[PDB]
Amino acid sequence: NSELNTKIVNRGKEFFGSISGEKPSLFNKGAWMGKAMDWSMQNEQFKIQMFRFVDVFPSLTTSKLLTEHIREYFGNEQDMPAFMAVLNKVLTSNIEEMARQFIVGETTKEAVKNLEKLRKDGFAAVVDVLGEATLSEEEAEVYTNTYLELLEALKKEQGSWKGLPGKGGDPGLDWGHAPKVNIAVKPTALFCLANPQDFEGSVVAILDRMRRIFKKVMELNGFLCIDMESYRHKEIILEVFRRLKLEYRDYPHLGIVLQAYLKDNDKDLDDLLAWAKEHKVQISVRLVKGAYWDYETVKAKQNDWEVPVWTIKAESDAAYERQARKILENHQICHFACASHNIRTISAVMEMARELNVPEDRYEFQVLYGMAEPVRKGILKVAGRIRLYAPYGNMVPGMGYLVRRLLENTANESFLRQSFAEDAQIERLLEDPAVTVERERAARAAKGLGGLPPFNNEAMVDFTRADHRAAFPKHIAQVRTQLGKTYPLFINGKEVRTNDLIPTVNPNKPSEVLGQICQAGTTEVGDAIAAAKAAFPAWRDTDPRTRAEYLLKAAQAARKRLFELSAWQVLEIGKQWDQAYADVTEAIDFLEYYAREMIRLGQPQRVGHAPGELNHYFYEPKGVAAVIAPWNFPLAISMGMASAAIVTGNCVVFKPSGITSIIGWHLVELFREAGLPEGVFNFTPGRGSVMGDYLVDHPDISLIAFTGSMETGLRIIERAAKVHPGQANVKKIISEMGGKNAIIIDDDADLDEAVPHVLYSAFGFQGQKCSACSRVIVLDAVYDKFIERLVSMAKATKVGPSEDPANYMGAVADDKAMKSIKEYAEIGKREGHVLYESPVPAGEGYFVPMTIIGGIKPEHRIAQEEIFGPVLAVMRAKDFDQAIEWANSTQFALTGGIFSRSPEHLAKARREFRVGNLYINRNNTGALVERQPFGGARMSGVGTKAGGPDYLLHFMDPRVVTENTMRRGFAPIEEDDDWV
Amino acid sequence: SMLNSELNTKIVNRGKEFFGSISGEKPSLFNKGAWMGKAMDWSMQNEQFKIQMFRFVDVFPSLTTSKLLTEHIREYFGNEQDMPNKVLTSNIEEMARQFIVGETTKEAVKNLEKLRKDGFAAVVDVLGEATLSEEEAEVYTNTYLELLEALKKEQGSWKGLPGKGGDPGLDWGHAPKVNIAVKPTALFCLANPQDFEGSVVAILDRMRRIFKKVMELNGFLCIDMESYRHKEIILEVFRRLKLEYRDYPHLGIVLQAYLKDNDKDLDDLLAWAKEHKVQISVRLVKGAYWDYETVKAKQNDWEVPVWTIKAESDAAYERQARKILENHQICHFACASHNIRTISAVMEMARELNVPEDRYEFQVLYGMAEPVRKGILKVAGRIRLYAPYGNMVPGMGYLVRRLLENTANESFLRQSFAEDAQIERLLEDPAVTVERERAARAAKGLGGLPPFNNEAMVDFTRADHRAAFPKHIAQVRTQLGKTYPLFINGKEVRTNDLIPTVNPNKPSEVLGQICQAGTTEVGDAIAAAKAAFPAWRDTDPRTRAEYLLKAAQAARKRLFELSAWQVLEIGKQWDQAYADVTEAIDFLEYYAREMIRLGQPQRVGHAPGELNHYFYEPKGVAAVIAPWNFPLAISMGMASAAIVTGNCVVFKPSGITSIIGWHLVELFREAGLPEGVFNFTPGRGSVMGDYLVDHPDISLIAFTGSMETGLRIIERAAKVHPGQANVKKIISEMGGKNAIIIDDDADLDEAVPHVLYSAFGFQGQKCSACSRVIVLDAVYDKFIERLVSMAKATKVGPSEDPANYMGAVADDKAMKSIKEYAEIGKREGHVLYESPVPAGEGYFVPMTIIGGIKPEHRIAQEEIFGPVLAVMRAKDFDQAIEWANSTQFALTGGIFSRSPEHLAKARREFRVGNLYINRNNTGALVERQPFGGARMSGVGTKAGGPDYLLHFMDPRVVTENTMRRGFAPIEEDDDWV
Ligand SMILES: Cc1cc2nc3c(=O)[nH]c(=O)nc-3n(C[C@H](O)[C@H](O)[C@H](O)COP(=O)(O)OP(=O)(O)OC[C@H]3O[C@@H](n4cnc5c(N)ncnc54)[C@H](O)[C@@H]3O)c2cc1C
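Chains as they are written, first to last, in this note's numbering: chain L, 1 to 980; chain Y, 1001 to 1977.
Next comes the structure, spelled out in structure tokens:
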């Protein structure tokens, strides 16, 4: 709209004029922070070092930690920038000063005092309470009580404050209309287990605390704003706002933050306004662009989710202006807080409101305390109604907040950087962002092999979606209509029934029988081996691209059944919703990845370059593969091992674990739907005590793929090494065995991240993973604090049936597992000291308490033996060297983790913490195909890594054909010949 | 320069007149009105068709049944509609007849007399398949004698061709009427510069017999020149024969202008003739083996002996022709070329130098370049046709070579008569063409290292290489009698248990005494290796690779010395010994590069906020248990692979090759390898064998040797003992029972010597050796007769004497075991050949060939590891493949066949680790032939290939969440926005 746009541009021009060249302190090159940010902006390596240093800074609580980190992040004094122990003191004082710039105080009393100073300078405030991530109920209560404490202090003071001057209205209110007390609350800080996987439980827990705060706010006629956090919780937070509003439909001073950088926001704003109209209530919206842009883009890309944010910056600006116009048009029902430091954005809001003649009591402006100083002052001068978002509290979360402000101010796309560091042209700065979008989209308008798209991991289940949340109960219900079947063997394309049946039951409810499984004797296993051996010649002679096509069809068949296949796993083996879905996506990943790997490896390659000669190097299968699969990843690992053997040209005799035989039957369904030729895949569940050695010992077996315990793996290795009469090959072992995996918690670890990652690593799926954290090795000086937070978080979780998404973990695999694990828990309780032992439900189910035991040392049994259940050992290391020594003190070497923000300690861990899969600053479980090829050596395996580029070669043997191409003195000349 | 321009003008003007007098007349091969011209036309337009057609003509004479013929036609040319029996046969046969003067002596003689009446002289050549036996050499020799007897009776009635003066009974008044050419290698089936003196004498003795008959007729004998391999031998034959008959003027030699050596060879021969005051004759040619020499040199890292720009050969010809003409007083000249420029250049140079006509003549091959031949007759008058005669079988091979000559891209005939090239380009001074082509031609390794190339094989065309072996064998003999200690943690450790090591061809010759490690010493070595491991593991992969490169240079500098040790200690022939050392060098160079390639962590996945790096780590202590049959090569390959990947090695050489094992100590010491990284512990298997394999500090075992021992090791290594860190990794190369299939259509000239070498090279003591030859029913009798006849020509004796084909086997135990197997085989089949062996000491087993062998027989199944070859008669090709696949082994295999269908079937179904087509099945080279198989022949590990180093390591992944406080560094390969 050209005329309006011209007014906006002129308003912006007047604004830049009234600023008089003033730079915000962060861009003041005369100040230390300005020099620091200037160099960060010119030098990306320095920015990364400086910003990461500020992040770790509040953990550097001794002189040694501090001195060492300074050297590790910035190098020696001679190699540092000019603007930078005396060095300890100067750096410390400058960083602390930077953080204080952005906070109104450290105590409630100080905050209140400083808020009054702000009022005398003409500024209103919205107060926020700084806090570390809420990891427990006790922490949520502290946060809640801090708001209550703040409100009580403000209640006593506000009567003595003259209201900020306005043009009309009520002289006891700010600008004649706004409540003097205004606070903002982060909803997820009110509940440590906030998760849309438990949508209702999360809404209620947050709502119950928000209600308590809100009641006190109303008691002093104040305003409560509910802030918006990451996209993961956006729908939860919207629902919290809607419920609290309907509980107090007549109270006007309740706001919600909406983020214009979200593609969803056009619909969300429209829905909320329509909702307010329908319910005949009023609302208030603080429109922001959004604070988590890099996080959302990374998180979505890590999970093959649609990126929920716009990714061209002008799109967020254009969305803001569009959505602000929508709000202002609806001022009758919607009060507006314009929260932005962008002069174009601010100018657009001002002129749109003027054009729509919106009453001034329906819109105000907000900025963050301590930044964009000239912008703040310009708003005061032109609009008069300006509120500062003012955090207060402890310096530890204050440093985290500081880093976020530094990121915001120094971003390449930041309006503040462009205006105040980069000398950007005013006309460009104030351009209609809609025009910017068109130009940027047009600019941006200007790989796989063999016609196949490149490999990408299958999208994870996404419980931000109502449809994904609804799918599970529906599919679990459908599965229940299918219970009670008898599952036969499947051999040479035919169903073969035996009369030895073993029931398979729900571990969370053993009275619920899912079905009966036929058991193969040695006769039937021998039959299956015979069928596989007979199908082998034609299958080996099938083109690798064709073999790969069967895997691609199986992947599509599985993809079309994703929630159904997932539901079976929830009931048969007690997978939580996310765990079950991830099992199926991983199976799909193996199929898509191994299909592409065979296509890659399937072409004979010329080796050497001598003329008159062609050497071609290529691979052939081995023969019949025995595949012996675990129950803990019943589709993923089964499908991975079987499909690798199949795509490489082998034929498979497959023994699923008894308690997940139905999931094993899914392989039959999937390969049959793909049209796999008869005998290439044979399904023979059976009693190991009857046919286990028989399968491994058989002369017609050429390879054995096994995943499971070390004891069984080692027995297989010993027996397989013998060559019996009639045996064609030396048997090839592909084996993934157990682990006793440690995560190290260094002194400088970010405990907000370390704690929930350790909890998930230890207790996700009841701890039943070869990759699970069973030892947490914690540095002396952070031990007490770490353990308090871990135990408190554990106490908040619930143990119960996996079909109920409210439960964190549930029953273990079967009766034998429960008894074994419980015995290990008793052993550990006599070795160390019990720190936590959860309640479990009464009645039936193979429940083992979520168990945490401290005081564990390397010489203890539960520091050495794989328990495969929810029993976590906590070990206290005297220094980092001992932490590493202890991590390396078992016979296993599968996975490991380290939380540390020390370059030197991370380097030492990369080199010396010699596990097959080492994870830095995140959980040590959940390895993905291609990204984390999985497996190790020592007693954890034989160095084969599933889901990686070396895996398929283990299922084959290389061959070379060498041809003398010269006849009667001449040879064809080939493209890669070394010629003349 | 000014003179150069002037003479070039006369040459160009002579060429222009030569062409003007031809005017549209084409050689019959370029006659597109004929079937021959049509087939060649399409060959020149379509290289794929050329390859099919020329290969078909090559295989054509083996197509002896209606089945063979019909199937080959389809396999080479496709269905009878995708193309461009009795008929196609007549066309190819007519094509071959164009180039030969007859099929019998009498027909040849009649046709030669006809040619005389048409004014053409001749030089007569006898066609033949390759000489593979003494009997064949005698047949070839007697055919010349027969020819000469026939000509002797006729020549008296021949009027000499007209000339300008002289003797009316001689051609042109001066040339002998009878002139024959002989191929020297056809006189000796084992001609080979590795036995230089033996080859010269055997050839000379037959050539002298022919020459005496030639002299009786007062005729001319030309000694033809063959491939570069035999050039020096042939020169020496000519020189000796000339001096035996210093006064007889009618003896010629061919010299090849396409050889870089020829400038010097011609200078040398001319100076030699002067010194000895004799006269000579030279037929100067460009050369017939160009493609072969180029390929052969490139295959062996030898300097290519031929010029590789065609104009360079032309330029060399004109340069060398001038030199001969300058020397006309002592050197008679035959200009042998179909090239009008070349011929015109010679005519003008003869005029410039005023050379008498009786000192030069012109020669062309019968049946080609007809207008060129006609032109020479008209202008010069002295033209002689090279006139081969004989059997259609070698006639077809000759046909192929002529078709190649005529249709080559750079052929002067093709450009003149097919391409309608501009006459100015055709008659250009080739020296100018050279400069232009060089200028145009004037207009990758990694980490700064050159790319890998296999080390050059020993080259016995060189006098220095021939002389080096006797020199170095003698030098090694001055160093015998030493006591060899263990080498543990950088220190020499003696023990009281000594085992002598002796020469298998002369067991009374003791090379030294070897200390034996007890379990105590082996445990000490393992402890040393274990202590050295953490620092070695942490050494940069590039640095570890540098040690291997230093060791490779150390070995390269000692090549002949290291070779000589093997000749004496284990009975390697000179070439076998040198090849063992070059293979060792190759492993070092190749594994160094492989570790450099594999040594850098690679990002995997592309998700942002995350870095996954995938990389490799060594395992720990490796036991390396090495064979005696490739005592440096395989030992060094296994040890250096383990070492470069970051492991430390405890190495047990075979007892009988312990000194070669010591060479590893010497080489790693010279490279400066850190102490403990390589330890040398020879010892008695019965004392410390199981100890070494069972030890809990061993993480890897690299073994090469017998199936029986390999299988025992695999079984024992599977157990995890108390304190054992890893499941032990096996890298194992075991035996074979390798077959070569001889198909009905096999080229027996190649199949026979390749099979003989595959079976008996190094006494058959190779895991890759051919111990079964499976021969198709219809070619059985023919193949076996030639194979046995070639075998009979070879001698068994000490490997230090290069005259011997093979020698003693490794030791007394091997001899006893192999002889028992021979007796078993003789009761199972029937002996076709059993060689004499020397009297007296030495572990000699006869070169033994046994027929009537079937898959149920023990010697069709069990690896003998000695000079015992089973011959098996297959009823059809399907059974041949079935039989090839009938053992428990699958290491190597070979097939001789010119059937695309059968070759395709073999590629698919003959499932050995290394299958060879139309060559021997031994001698695998690093990178070109990564070596190893499965079944009972190994565990699918392939030494010398790109999958090998990974077996000595385990992969690791480090995954880092790079996001802190909502931000992460953006990395280049991130999936982003
Ligand atoms: C008082 C106040 C309260 C706030 N409360 C919250 C809250 O509860 N929740 C929340 O999420 N944020 C909140 N914010 C917003 C956030 O903290 C930033 O301050 C704000 O987004 C910066 O925008 P801008 O108009 O100041 O600056 P600009 O430089 O104009 O805009 C920058 C913004 O654009 C977006 N952006 C950057 N790059 C791209 C890109 N490549 N593609 C698309 N978009 C891009 C980001 O949102 C970034 O923050 C609040 C802001 C204020 C002032």
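Yeah, the Cβ is synthetic: ideal placement off N, Cα and C, and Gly gets one too.
Would you list the one or two residues that DSSP bridges to residue i?
{"i": "Y/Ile-1895", "result": "Y/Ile-1741, Y/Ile-1917"}
{"i": "L/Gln-101", "result": "Per DSSP, none; premise fails for L/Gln-101."}
{"i": "L/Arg-967", "result": "L/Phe-970"}
{"i": "Y/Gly-1512", "result": "Y/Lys-1482, Y/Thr-1501"}
{"i": "Y/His-1830", "result": "Y/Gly-1851"}
{"i": "Y/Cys-1335", "result": "Y/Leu-1284, Y/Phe-1362"}
{"i": "Y/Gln-1602", "result": "Y/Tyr-1614"}
Expressed to the nearest angstrom, what Euclidean distance is found between the alpha-carbon atoms of residue i and residue j?
{"i": "Y/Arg-1919", "j": "Y/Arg-1898", "result": "12 Å"}
{"i": "Y/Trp-1302", "j": "L/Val-652", "result": "50 Å"}
{"i": "Y/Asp-1538", "j": "Y/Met-1595", "result": "14 Å"}
{"i": "L/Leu-872", "j": "L/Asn-632", "result": "18 Å"}
{"i": "L/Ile-476", "j": "L/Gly-201", "result": "20 Å"}
{"i": "L/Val-668", "j": "Y/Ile-1970", "result": "43 Å"}
{"i": "L/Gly-384", "j": "L/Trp-39", "result": "35 Å"}
{"i": "L/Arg-775", "j": "L/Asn-195", "result": "26 Å"}
{"i": "L/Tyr-143", "j": "L/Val-403", "result": "21 Å"}
{"i": "Y/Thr-1483", "j": "Y/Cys-1515", "result": "7 Å"}
{"i": "Y/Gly-1219", "j": "Y/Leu-1259", "result": "29 Å"}
What residues in its chain sit with their C-beta under 6 Å from that of residue i, if we drop five residues either side in the sequence?
{"i": "L/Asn-94", "result": "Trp-32"}
Here's a check: name, in chain order, each residue in its chain whose Cβ is nearer than 8 Å to the Cβ of residue i, leaving out the five neighbours to either side.
{"i": "L/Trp-161", "result": "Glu-116, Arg-119, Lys-180"}
Can you pull out the residues from the segment 1590-1613 of chain Y whose beta carbon lies closer than 8 Å to at least one beta carbon of chain L?
Taken in chain order, the members of the segment 1590-1613 of chain Y whose beta-carbon sits within less than 8 Å of a beta-carbon on chain L are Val-1604, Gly-1605, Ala-1607, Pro-1608, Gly-1609, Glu-1610, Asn-1612.
Residues in the segment 681-705 of chain L with C-beta within 8 Å of chain C's C-beta atoms, listed in sequence order?
In the displayed structure, chain C is absent; the protein chains listed are L and Y.
Any residues in the segment 1710-1721 of chain Y with a beta carbon nearer than 8 Å to a beta carbon of chain L? Which ones, in chain order?
Taking 8 Å as the cut-off between beta carbons, the residues of the segment 1710-1721 of chain Y near chain L are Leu-1711, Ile-1714, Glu-1715, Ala-1717, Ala-1718, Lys-1719, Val-1720, in sequence order.
Given a limit of 8 Å on CB to CB distance, which residues of the segment 41-66 of chain L reach chain Y?
Within the segment 41-66 of chain L, contact with chain Y at the beta-carbon level (separation under 8 Å) is assigned to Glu-44, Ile-48, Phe-51, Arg-52, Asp-55.
Could you list the residues in the segment 955-968 of chain L with a C-beta less than 7 Å from some C-beta on chain Y, going in chain order?
Within the segment 955-968 of chain L, the residues whose Cβ lies closer than 7 Å to some Cβ of chain Y are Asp-957, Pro-958, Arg-959, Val-960, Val-961, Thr-962, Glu-963, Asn-964, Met-966, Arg-967, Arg-968, listed in chain order.
Could you list the residues in the segment 1088-1106 of chain Y with a C-beta less than 8 Å from some C-beta on chain L, going in chain order?
Result list empty, no residue passes.
If you measure beta-carbon to beta-carbon, which residues of the segment 1540-1561 of chain Y are closer than 9 Å to chain L?
From the segment 1540-1561 of chain Y, no residue has a Cβ closer than 9 Å to chain L.
To be precise: take each residue of the segment 285-316 of chain L, compare its Cβ to all Cβ atoms of chain Y, and keep it if any distance is under 7 Å. Which residues remain?
So the list reads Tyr-292, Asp-294, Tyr-295, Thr-297, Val-298, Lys-301, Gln-302, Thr-311, given in the order they occur along the chain.
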